[PDB]
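Chain identifiers are assigned alphabetically (A, B, ...) following the order of the sequence lines, protein sequences preceding nucleic acid strands; residue numbering begins at 1 within each chain. Reckoned from all heavy atoms, side chains included, excluding hydrogens, waters and symmetry mates.
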Amino acid sequence: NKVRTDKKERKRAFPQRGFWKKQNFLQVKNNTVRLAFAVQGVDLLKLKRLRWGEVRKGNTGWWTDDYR
Amino acid sequence: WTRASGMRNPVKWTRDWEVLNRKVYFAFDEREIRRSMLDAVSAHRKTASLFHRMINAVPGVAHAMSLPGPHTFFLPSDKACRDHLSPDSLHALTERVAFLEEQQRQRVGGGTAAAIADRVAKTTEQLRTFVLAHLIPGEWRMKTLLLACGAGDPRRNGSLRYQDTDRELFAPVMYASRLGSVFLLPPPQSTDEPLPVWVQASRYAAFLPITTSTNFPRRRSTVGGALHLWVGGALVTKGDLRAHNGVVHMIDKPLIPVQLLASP
Amino acid sequence: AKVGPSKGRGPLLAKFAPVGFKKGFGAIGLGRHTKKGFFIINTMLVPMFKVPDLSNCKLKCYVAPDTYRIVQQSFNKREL
Amino acid sequence: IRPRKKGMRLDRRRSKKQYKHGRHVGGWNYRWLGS
Amino acid sequence: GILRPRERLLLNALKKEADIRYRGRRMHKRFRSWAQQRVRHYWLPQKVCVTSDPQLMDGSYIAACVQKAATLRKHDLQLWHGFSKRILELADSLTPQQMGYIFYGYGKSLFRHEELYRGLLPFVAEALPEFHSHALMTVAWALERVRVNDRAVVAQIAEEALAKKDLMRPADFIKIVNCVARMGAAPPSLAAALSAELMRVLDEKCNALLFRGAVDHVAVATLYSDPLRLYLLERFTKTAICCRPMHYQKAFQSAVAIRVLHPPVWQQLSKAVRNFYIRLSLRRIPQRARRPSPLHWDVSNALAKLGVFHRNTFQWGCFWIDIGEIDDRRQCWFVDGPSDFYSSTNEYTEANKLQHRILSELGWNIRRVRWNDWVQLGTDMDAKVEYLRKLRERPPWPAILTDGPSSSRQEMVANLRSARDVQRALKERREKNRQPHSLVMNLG
Amino acid sequence: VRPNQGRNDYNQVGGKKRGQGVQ
Amino acid sequence: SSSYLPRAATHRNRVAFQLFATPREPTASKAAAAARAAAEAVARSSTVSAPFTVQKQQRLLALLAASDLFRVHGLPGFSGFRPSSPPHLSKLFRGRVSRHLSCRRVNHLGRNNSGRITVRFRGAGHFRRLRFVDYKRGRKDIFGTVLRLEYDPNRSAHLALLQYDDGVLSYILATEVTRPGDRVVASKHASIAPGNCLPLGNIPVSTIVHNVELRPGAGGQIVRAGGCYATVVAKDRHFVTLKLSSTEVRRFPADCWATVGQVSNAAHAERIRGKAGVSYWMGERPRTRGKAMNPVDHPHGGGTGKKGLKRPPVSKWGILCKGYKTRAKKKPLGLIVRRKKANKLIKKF
Amino acid sequence: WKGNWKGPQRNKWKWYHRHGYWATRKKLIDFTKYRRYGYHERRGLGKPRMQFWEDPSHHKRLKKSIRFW
RNA sequence: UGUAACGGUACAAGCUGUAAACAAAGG
RNA sequence: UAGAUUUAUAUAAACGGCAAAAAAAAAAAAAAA
RNA sequence: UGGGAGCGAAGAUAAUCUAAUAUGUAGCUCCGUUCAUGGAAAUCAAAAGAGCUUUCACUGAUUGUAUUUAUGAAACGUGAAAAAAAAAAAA
RNA sequence: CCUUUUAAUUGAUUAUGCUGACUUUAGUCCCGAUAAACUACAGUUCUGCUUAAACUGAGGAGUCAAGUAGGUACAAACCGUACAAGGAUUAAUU
RNA sequence: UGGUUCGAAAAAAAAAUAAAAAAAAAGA
RNA sequence: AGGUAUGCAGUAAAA
RNA sequence: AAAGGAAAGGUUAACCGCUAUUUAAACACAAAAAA
RNA sequence: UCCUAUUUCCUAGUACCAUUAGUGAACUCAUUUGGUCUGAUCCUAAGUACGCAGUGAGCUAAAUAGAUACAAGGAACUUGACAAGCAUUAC
RNA sequence: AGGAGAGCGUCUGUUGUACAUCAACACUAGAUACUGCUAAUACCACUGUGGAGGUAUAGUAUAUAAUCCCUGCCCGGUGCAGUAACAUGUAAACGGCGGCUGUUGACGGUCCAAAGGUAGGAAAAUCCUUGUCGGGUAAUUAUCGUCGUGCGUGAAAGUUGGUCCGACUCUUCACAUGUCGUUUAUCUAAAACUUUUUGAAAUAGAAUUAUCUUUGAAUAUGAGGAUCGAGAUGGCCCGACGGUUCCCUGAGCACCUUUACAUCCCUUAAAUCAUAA
């Protein structure tokens, strides 16, 4: 829990090889958010991928740079 | 600890549909009733006043109707008696029931006195015959009677299964394109003629397709339901008044025996 | 402890208790429970707020900074 | 403590035992306000 | 403890069936509220016995007794006629509060004793300057409910409300305006004044629950001015969420009346409001059970014997049609009883006239039957068939419904008694005809 | 089952609870 | 137990009345006249006065022994389960006990107010109802009809539903020869027939009786179990001597009432259970033997391997339990004339 | 263990009815011992003495003994 | 009396009570 | 001592039979505190 | 409350063990401490005398009780502290 | 300083001593069940298991726990989140 | 939709809670 | 086979 | 056969209890004392 | 004048408190990925008209836990057929 | 977990969670004993509660147990019953049921005793290094049957049996068989090795810690003599009496037994008022 009263720290004292990533569930959630934004005309994924100080209007990118 | 109830019942019932079907069987067909047939008749005394009075005033009838043997009693209503019996017959029945009650009340409290015993005996025998003409051996429930008359048999239930009407005459705004088997029951205890039973389609059956999804292939009484059960020329108005030792079925005509009927 | 007010849990509330626990927060009563699970409300018990006509009122929340000078001079002229 | 014993026990403040000791933050010889 | 296996199974099945029965039972209780309100701030703090001798009663006591009896549904004819006698004796000594409570009791119980209202109205008119909001509202409300029409006194009450506008309660003013509209007692100047005051009352003093009571189609059609109509129709779109089926029904009827009789106002509305009412027209507005009256059934029987197919008591649009013929759908009939007119007169009510005009302009060919004329036929069927045939052989009625001849309370009472006798005879000889009476027992 | 079964007040006769309407 | 009606209603050492009267007449004098008339009518109807003996009981039983439509149609019941007999042929009612004449049984499970176990080896068993049986037969000089016979889970005998001539319903102990339709009465003028209740002073010697009152009007207490009965030996003006089922001879006041006949269900002792489960249903728990425990738990316990008792038999509490008498020596015998001896001595002498 | 494992239960009803404020009051224990979340009788000093520079018009010492209307 | 719960205050082991740090200049 | 000052802390004991629920018809009904 | 009242143990000593000691202690309930306890002789003593009650020192670890272990601020008495008897028959 | 005194309870390699810190074992044991790609001109990797309908007149067949366990930037933060009339009649505005 | 509330049935009392604040002249 | 929609008392019967 | 629910509420009946009681909400409607 | 009566009756806006309405032991416990897999039930299912879930990289030594396949012999093993084996094999 | 059999318990059940799932406990039933009702017995505030709102076909106590045939002798002892006390009774009440000799001895002698162990099992869960004879085997300290040879057992503290049953102890036949002579090949890993991520433990007086032979608190890495180039890593456990959780005794403790002693409670025996007649 957030108040750190449980005993969940006991297992973390032992090594484990890896952990499940739940990518199917997380991608479904992310795409739901993306659809909610996109129905209103927002490209959340593009915004998240933009470089610092980079401006791209519409659905444009390196390919637009190449062909323009 | 919890106080959740109603729709939040904490009881973990089974979801198995087969088990729930068995539960339905146990809850309806095998349900136990404490009351008796006379208990039901008394509960409906206000509507069956004459027969209640006869049962309570005619010696022996109550004893006969309170016996353990599973019985079926067809109870006529005061309305049925008034509608179907002639005025003189109704007057005679009322007078004789009142006479028996008056003699009973006298007990509570020459030749002229001697004739009273003969009149009492005659009235008691006649009214006992009349009342016991409606008592039938065995417990015949409504669905059993319908299935015996053939309703529910795919080979015989024709004319009762696909009733339809001229829909555009009654729901026109939805039809613009159109705007352009006798079973026999054992004889009554006081007679030897077995009782005929049959079924018919009610006037409400034809209107089902107007308001229900259907899968068809290629005066009138106002009683409810889709099927009408007739017993000895009398319609069942309220059925399955179950008891501990039988069942009571409400009917709209009295089943007068031939002996008590007048030939001319 | 694992139950009770310890570890910052504080006093018990219906949110933290099982269904059946009854604890409000201090609201006034406005009616009567019936014998069949209902509650008859009486609007006569609703508190009556007394609000004057605020329209066309020259008063304001604060006071202008010059009022201090004006009042101080008007009082010093009397004191002296 | 379970219901049967609770139904026969009495509350601590139903007697005078609460006032017959001098336990306090400063020790065991409390001098009450107003002496 | 333990149970025998058969007993275990039977009781377990009973428990399951009880659970399912509860679930099925609660299915349709969408509008069942565990929290419920009851009004009690009109109950007086004094105690009274309703059966006490009237000769010991004063105005303050008799008014409280009448109101208490109305609240308790103690509708006893002897008790209320004693009330009437004592109140008429005490007419000289009643305050506006006492008269208001008396009128409330009479109207709420729907005790249709015209003589008491007639005898109490002059004192109401004389004492109007001292009346207050509740008393004015109650007098108008009771008169409207019981159909006792006195246009002069109703107009005087409305004028008194206007004069006391700064003291009137908003709900009382709304009810007074609605009653005035329903009784047709406001000439154009009074209607304009009432509309002007109601506009400000609704805009400044009424929230949604108070405003929704102002939505009455009769007032919208016959009384309200154009700005008031526009404001009301616009505000209903905002206040719909708090409304009930009756409010929705009256709003729909108001919209239809405006569309049919005031197309200019309908167009002066905005597109969003018009869209709201168009979408309202698509909803299933819960009505309440209606059935043909005895007079309606008699007319239907005579019509069927004449040989005209027809249907009874059905809903078209936002209207209820008494009789609608099948072969020619545009032909319809209305059977008009004693309560469709004002007491002791053949003058139609404002709602009846409005419905007649709207249906006529929408295309229906309406014919009407008057109980005052029907009752004179008696139990004869040939006479009734000839009556209906002769009515059929004549043109439909105009879009404007005109009132009938003059009448009196004496004739009204005589006709009501005759209708009672005819009802009795017809029911008797219907049920006797139904009864076969063919089983003869040789019991004697 | 009944913690207070043996008490002197258990299932006592009378009382204001049950004697509401008794004069 | 005491979980039913309170002490104030249940406890009364001296009963001041023996006739529970329910007069119908407006005044006390007319009530007395009616009571006299009813007594005279009972006397007139009474004809049998000879004793009711074992042999007469056997003759009546022999006489009683010598002397497809009725079902729920279309009702296929359980796959295997079926009642032993249909309702119209079963000896007992096959129905349910009257709700107005019974209540739920408070199961103490062998534990007293302290919560400790005082009666050992008791189990929950099947749910039971206590039914209110009239041990007093308070109503006198009024005839009643036996309508049906009923099972009782708390009692070894059968019950009978008695409907008095005025419609009152009650439950009484049924006699071995009690059948539906029997007429019964309680009175001093009653005939000597099974089921009738009379004072012990009006019952001839050699008669067989049951449900005997220790104190007049306090309800029968002696001889209740199924098949049990007592015999009238001798009579004097004030006392009547009875031989009881235990072979005890005891005197009873002549005013104590009793019922003629043997207690019904004499075949109870012939029942065979067949398995531990039947006793489990009946409400029993396993009985561990004293010598199977450790020495701290029973006097007979202890010892490597199995052993004998190692001493004369004693109970858990150190009391000899084979031949040792336990009745208080100083307690007076009172009306007891002679109390039985050991069964071995009885059968060998 | 046998079958499904069962250990000490966390039951709010039981804990609050057996070890709560009122249950602790009904218990027979040493009530002079300090309890953070329950009844105890380790009494405090009350409001301390006023420092010489504070305002006596605002210094406060009593709540219940002087409670007026 | 003592203590505490919430609330306000620098979201606090301090202060404090919905007037929650301050009225001292009233017919 | 200018005003204000929520809630809990089971209180008719500023008081008197004991005895559950600060104090409960008589009796059943019982006591080293 | 090592003060006063009620009930009232065992571990420990007796080289086991009993009495006795521990101890009239611990726990439990009740008083609430100089404005208190108690108290102005049907007292104690010797053939002389003392003079309510209370505290301290000595007499003395004496005479005692326990009879293997120990317990014992004994009585009278001596030197001191404090000192008190009793407003008061009504008005 | 010296001197005299001190009742300091005054000297610790050791009580499987107590409270702690820090080494050796030793860089030793310990790493739970199935995984890939995201592209220089279209797409549908493979596997384990199958209640994944969410208005169709019906609160969508439970209880209990999380003293707020699936909100939110590759966050073990800050902030936000349980509406019984479900509020957007928002087929609106543009 | 449940709790609350009546019943089961409970001082068998969930500290900071209530249909639960001195309890009808209530000013309609 | 707990209690369902003006609500407090109150008797009987019962799928 | 091992012998199994009835308190409160709803229904029906009975009823000389009572604002501790259904809007000062509304719809519908040949409808009703005495004389 | 042949319906058992042809009997006015929609939803008064609605106190206080609980709820994340799904997969899932989701509890006690703790080597606690909440969620997959490990079992019945819950949708007339070509697994429910694309659902839920998938954890660093290498590397032919033996030993170990298992899986499969063992010529001919067939309990000669062992305290003991323990453990194994059969319960598949033209179609 | 099949076919054919034996032992113990009849059986289905209970059962020591975390060394005992059994032949141990319970069980349907046959008995015995007590108890007349404010019953006995239990709880031990006792005018109270369970028993039981039951009444000798009931309740309580103690054995033995379901089905068939049987269940021998003893009242001398102890207990109990009986009576004023005796007499006497009661063993399915607790318990007991011979020795030395003549004719292999039917049949005698003699002592003792209350009776002298009967019927029926029988080399047994009793006796015992593998008793005689027979079946199974190449070989039978096993198993089954048999003898009654030896030691013996033994009759409701029950004897002998029929059928069925058991995560019980055993004998035998069959099966494909890696259980075995005797091991091998391929594949996977909660198996191992390297690496990345990351990191304990028990133990440790100090150590720069060799092999032979001897000595020694008596079996030495360290003492005498002789000999001898050593570190880490992987593996294996010969040693380091390798590391960490069985026997005797005390002027110690705890629980159990009763013809050990003392005390206490109860039941008797009494006493004492209430109490006057």
Side-chain angles (χ1 to χ4, degrees), chain A residues 7-8 10-11 14-20, chain B residues 3 7-8 10 15-16 33 35 43 79 222, chain C residues 9 14 16 19-20 22-24 27 29-33 35 37 39 41, chain D residues 3 7 33, chain E residues 3-4 7 14 18 27 31-33 35 37 39 42 44-45 72 77-78 81 104 242 244-246 272 276 279 286 288 293-295 297 301 337-339 371 381 416 419 433-434, chain F residues 3 9, chain G residues 1 4 108 112-114 116 118-119 126-127 151 153 156 221 224-227 245-246 248 268-269 273-276 281 286 295 308 311-313 315 321-323 326, chain H residues 1-2 7-9 16-17 20-21 43-44:
Chain A
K7 281 156 190 103
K8 289 166 71 172
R10 288 200 172 161
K11 183 167 182 172
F14 297 92
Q16 318 280 328
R17 193 172 194 271
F19 301 94
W20 303 324
Chain B
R3 288 284 288 178
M7 304 288 280
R8 295 183 189 276
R15 269 121 63 72
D16 198 311
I33 310 303
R35 67 170 187 175
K79 173 84 188 133
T222 62
Chain C
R9 291 187 282 264
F16 306 156
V19 310
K22 176 180 180 177
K23 179 165 180 187
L30 305 155
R32 168 230 299 174
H33 299 79
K35 209 179 173 145
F39 191 102
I41 309 177
Chain D
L33 191 63
Chain E
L3 275 174
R4 196 165 75 119
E7 275 59 54
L14 264 169
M27 273 208 304
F31 293 121
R32 175 253 294 136
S33 54
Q37 287 167 14
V39 174
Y42 300 84
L44 304 170
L72 299 185
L77 273 175
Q78 322 313 332
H81 272 82
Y104 168 82
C242 290
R244 300 286 189 182
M246 58 163 137
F276 177 95
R279 293 174 75 169
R288 190 54 240 161
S293 79
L295 183 69
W297 275 127
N301 292 352
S339 208
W371 64 288
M381 248 291 181
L416 275 169
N433 269 24
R434 294 174 197 182
Chain F
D9 47 62
Chain G
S1 64
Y4 312 97
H108 294 281
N112 77 335
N113 59 356
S114 181
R116 304 222 189 160
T118 61
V119 194
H126 194 290
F127 293 110
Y151 178 92
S156 175
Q221 300 177 68
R224 279 193 189 167
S245 326
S246 63
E248 207 217 56
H268 173 48
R273 293 175 173 176
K275 55 200 217 186
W281 312 335
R311 61 150 76 183
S315 59
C321 49
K322 219 151 274 290
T326 63
Chain H
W1 64 83
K2 273 188 166 184
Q9 310 294 296
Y16 271 108
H17 282 255
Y21 180 80
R43 292 186 172 86

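- Comparing P:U41, I:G2, P:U14 by their closest approach to the side chain of E:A35 singles out P:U14.
- K:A66 and K:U21 make neither a Watson-Crick nor a G-U wobble pair with both donor-acceptor distances under 3.5 Å.
- Screening A:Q16, A:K11, A:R10 for a side-chain contact (heavy atoms from CB on, under 4.5 Å) involving A:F14 leaves a single residue, A:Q16.
- Straight-line distance between the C1' atoms of P:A61 and P:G54: roughly 33 Å, to the nearest whole Å.
- Nucleotide K:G60 has no partner under the Watson-Crick or G-U criteria, as no pair reaches both atom distances under 3.5 Å.
- Nucleotide J:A26 shows a positive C1'-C2'-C3'-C4' value and thus a north, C3'-endo-like sugar.
- Nucleotides Q:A167 and P:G80, compared at atom P, are 26 Å apart to the nearest Å.
- If you check O:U21 against Q:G53, you find neither a Watson-Crick nor a G-U wobble pair with both contacts below 3.5 Å.
- Applying the 3.5 Å cutoff to both bonds, K:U68 and Q:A155 do not register as a Watson-Crick or G-U wobble pair.
- Here, P:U32 and L:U56 have their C1' atoms 43 Å apart, quoted to the whole Å.
- Between Q:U88 and Q:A81 there is a base pair of the Watson-Crick or G-U wobble kind, both of its two distances falling under 3.5 Å.
- Contact of the G:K275 side chain with the G:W281 side chain is registered, since non-hydrogen atoms from C-beta on lie closer than 4.5 Å.
- If you check every strand for non-hydrogen atoms under 4.0 Å, F:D9 touches a base.
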Fill in the blank from the handout: For RNA chain M, the dot-bracket notation using Watson-Crick and G-U wobble pairs below 3.5 Å, [ ] for pseudoknot-type crossings and | for other-strand pairs, is |||..|......................

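- Here G:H268 lies in heavy-atom contact (under 4.0 Å) with a base.
- Nucleotides Q:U62 and Q:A220 are not base-paired: the Watson-Crick or wobble atom pairs do not both lie closer than 3.5 Å.
- Taken together, Q:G252 and P:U78 do not qualify as a Watson-Crick or G-U wobble pair under the 3.5 Å criterion applied to both distances.
- Within 4.0 Å (heavy atoms only), A:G18 reaches at least one base atom of the nucleic acid.
- In this structure, C:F39 forms an aromatic stack with the base of P:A15, since both conditions hold: centre separation below 5.5 Å and plane angle below 30°.
- Atom name P, nucleotides Q:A52 and Q:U67: the rounded distance is 28 Å, in whole Å.
- Taking 3.5 Å as the upper bound for both contacts, J:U11 does not pair with K:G64 in Watson-Crick or G-U wobble fashion.
- Base-pair annotation: K:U23 with Q:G152 fails the Watson-Crick or G-U wobble criterion (two N/O distances, each under 3.5 Å).
- The glycosidic torsion of Q:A63 lies within 90° of 0, which places this base in the syn conformation.
- Between E:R32 and M:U1 there is a side-chain polar atom (N or O) within less than 4.0 angstrom of OP1 or OP2.
- Base contact: A:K7 has a heavy atom under 4.0 Å from a base atom.
- The bases of I:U9 and Q:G72 do not line up as a Watson-Crick or G-U pair with both contact lengths under 3.5 Å.
- If you check Q:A274 against Q:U32, you find neither a Watson-Crick nor a G-U wobble pair with both contacts below 3.5 Å.
- G:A269 comes within contact range of at least one nucleobase, with a heavy-atom separation under 4.0 Å.
- Residue contacts shown for G:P313 are limited to sugar-phosphate atoms, with no base heavy atom under 4.0 Å away.
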